[PDB]
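For clarity, chains are labelled A, B, C, D and E in written order, and residue numbers in each chain start from 1.
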Amino acid sequence: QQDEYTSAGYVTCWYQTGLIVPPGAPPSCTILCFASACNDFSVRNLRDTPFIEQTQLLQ
Amino acid sequence: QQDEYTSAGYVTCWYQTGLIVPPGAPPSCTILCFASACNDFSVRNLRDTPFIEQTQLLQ
Amino acid sequence: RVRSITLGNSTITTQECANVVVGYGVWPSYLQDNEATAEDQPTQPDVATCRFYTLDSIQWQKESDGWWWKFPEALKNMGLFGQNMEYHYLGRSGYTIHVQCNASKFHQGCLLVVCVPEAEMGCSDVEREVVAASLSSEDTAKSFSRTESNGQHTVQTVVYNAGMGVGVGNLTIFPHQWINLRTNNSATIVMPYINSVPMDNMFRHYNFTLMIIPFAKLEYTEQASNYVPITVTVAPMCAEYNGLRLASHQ
Amino acid sequence: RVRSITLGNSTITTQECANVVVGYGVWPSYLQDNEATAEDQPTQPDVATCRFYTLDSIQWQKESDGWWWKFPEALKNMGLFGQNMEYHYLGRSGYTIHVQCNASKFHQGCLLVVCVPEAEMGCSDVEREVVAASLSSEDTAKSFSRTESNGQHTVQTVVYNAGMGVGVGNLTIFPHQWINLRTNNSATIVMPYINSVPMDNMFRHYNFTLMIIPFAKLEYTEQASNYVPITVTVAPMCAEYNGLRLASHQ
Amino acid sequence: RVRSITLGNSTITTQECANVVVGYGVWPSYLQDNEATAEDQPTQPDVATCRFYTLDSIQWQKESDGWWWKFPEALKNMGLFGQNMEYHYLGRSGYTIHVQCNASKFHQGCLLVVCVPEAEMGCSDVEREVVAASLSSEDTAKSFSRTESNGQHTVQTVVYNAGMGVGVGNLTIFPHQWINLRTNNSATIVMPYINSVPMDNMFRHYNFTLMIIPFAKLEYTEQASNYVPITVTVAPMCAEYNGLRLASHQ
């Protein structure tokens, strides 16, 4: 939950050539990204998720 | 350096079918030719190249 | 996979590895002893006649109907094989017709490439007869027609009756190949010598007819070159003759 | 068949399995004992300089003529290899130039990718001399021209004489590769170190020139993206130095 | 490489050799002895129900959002398997959903094909409940929507929350496959029977939901057919029942 700025790393992507298409192919395209963990992954010190803000019981 | 006419051979090329392209491909095209020697090649009686005409020394 | 074929010291044809059709199941061969009736020896010209005779290319357009060549008149001017048709009396030869097209992947269509033994043809006018000038040209194709031909001494060149009075879908009975531009590109048929005599005079007799009929017509969009060239290449096999004399005519 | 290449703990390049050109027949190697004249040991920086330096992409348009980079000035700012050109006096390195294009199947064209050792270039004005600012930029390409250049201290950048006064079709004498967009996509040349001395100062001397010339120009229809990006990737090989000092300049 | 699959004496599906996803790691199987609670024997109809039920094709247009089918209601009218849902009380079945598209090489797009066990869905109006007529049709798909649905008893059919109130990119947790039209063409998922009881009544309970969501939308130029047909084919596996009675209803 802490923000060490300039202590995480950046993953950027740059155009090298462009995107060359024949007559009949659409010129613009789409990339999708997929993130996961690896085999060396571990966690510690369980707590409550920051996402759920509701506190009182439902009804 | 001699010209025996009709004593060398001719290499010609003729259209057989044409050039069939789908919608999206350019209709006109390009051929490039590459010439070399073979393993049985030999020369004799060295002389001066006809290409260089300059005679007096440079400066 | 792009293996080259060299036949004689003049010819080079480039071709990939595909399917062949071998005749009625036999390869062309030379005449043995208990097969002939002539009083002499054949003296086959193997050293000079076995090469590739690539004819002129036809243009498969959108509205074309079909083409036929009669054999062995289709090689009447083609080189030394045409000279042997002049300076001999009898002849006997098999052929290896290789047909291939140059289409893109954005073209579509289908051809049927038949070799019809004894394809005798009817006339466009009943109670009349054909001439030899309407059966075949010497090296160029003869076109089938969509509509009815109506001449006096011509051939009934309507396409769905194939010039013989039959169903055009039943020509699959004879040695054939399908050039389907989606998957196939080429077609190669190896015809033997079929006759009722061991050797015939190859001026009067037409041994077979090579028909190329489009069953699914050629379609393309507006970018595309509006034809597909069909290139036929005939190579004679095991040609042997008899009766050395002068040329008549000429 | 889509095998990845990792060179150092920074670089990933994806490439299929294709053909390479290895120099004049030798692989780059390290200097042995009976090859040098210097009074010290090389101390090669193998642990840090062997990686992929992917330069900026050029746009092969319809009306482009050709591009050249002079080496080793083409990696003057590229990372630690540019630092070794500063903080040393002598240097010796082979390279593995990998050139690849991203075209569709509806594009057409042909490139010639040459590595010219000692490509000394003439000036656009006779009775005058070139400057260093017109021979090469530090990381971007220098364009050939269709017409005649006419400057005072520039290079004769006409395309069919290749800047050296020769025939452009005869540049096939040096290590080369053809990128033909119909069949080929990439090109990879492995240049060794060629000089008349075992080690030279890599600020004044240009070891070789990488030229990329289109012989068949790029054509496309109206749907297509109107350029093909050519991406060059240089990886130094067996780099070794001498003469540790400060940077000059700077 | 174009191997045909025949399942029962009615069905033929043609398919190349590609990748499958097998459930949560188990193949569908028959119930053993220490797994059931019912007082009778299953009497599985293996001889008649194992075939391919190819549903109607949907049209992946440019502006489509996604489709879902609820199972086993998706085969309610499909033949004898629909009759077994009538004339029985309990049922247990795995499925082999095979999804494939027919696109050209000039189309682009990406689909995600999920099988969601117990995909309970929320309503479009809070403080209200869904009806059974808005959860699923009997054989046709139910469309997701780009915007917000606003009905009284309908489903919240917005596409990025997947009808369940989650992130649509996290549906990759369940058995899934990506149809990427650049490289992939088909998708085949083998779902086992997942429940908390060994056999349930297959009228009230929806075992799983097959969702097909386009993540990268379909693009094409003006020559192209402006849709891609997605064909789903469901084959039940190891189906077994209990409780023979009349049909209700009807």
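Just so it is clear, a residue touches a chain if its C-beta (ideal position, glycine included) is under 8 Å from a C-beta of that chain, and two chains touch if they have at least 3 such contacts.
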| item | value |
| --- | --- |
| Per-chain Cα centre nearest the global Cα centre, belonging to chain | D |
| Rotation, 0 to 180 degrees and nearest 5, that superposes chain A on copy chain B via CA atoms | 120 |
| Most widely separated chain from chain C, with each centre as the mean of CA atoms | A |
| Selected from B-C, A-E or B-D, interface repeating A-D by over half of its contact pairs | B-C |
| Chain A and chain E: spacing of chain centres that average the CA atoms, whole Å | 29 |
| For chain D paired with chain E, centre-to-centre distance based on mean C-alpha positions, whole Å | 56 |
| For chain B paired with chain C, centre-to-centre distance based on mean C-alpha positions, whole Å | 37 |
| Interface hub residues of chain D, defined as touching at least two other chains | 106, 220-221, 223-224 |
| Numbers and ranges of chain B residues touching at least 2 other chains | 23-25 |
| Touching residues on chain E, where the partner in the complex is chain A | 106, 108, 110, 172, 215-217, 219-221, 223-224 |
| List of chain D residues in touch with chain A within their complex | 54, 56-59, 101-107, 220-225, 227-231 |
| Residues of chain A defined as touching chain B within the complex | 22-24 |
| Residues of chain A touching chain D in the complex | 15-25, 27 |
| Residue ranges of chain A touching chain E (in the complex, touch as defined) | 24-26, 28-30, 32, 34 |
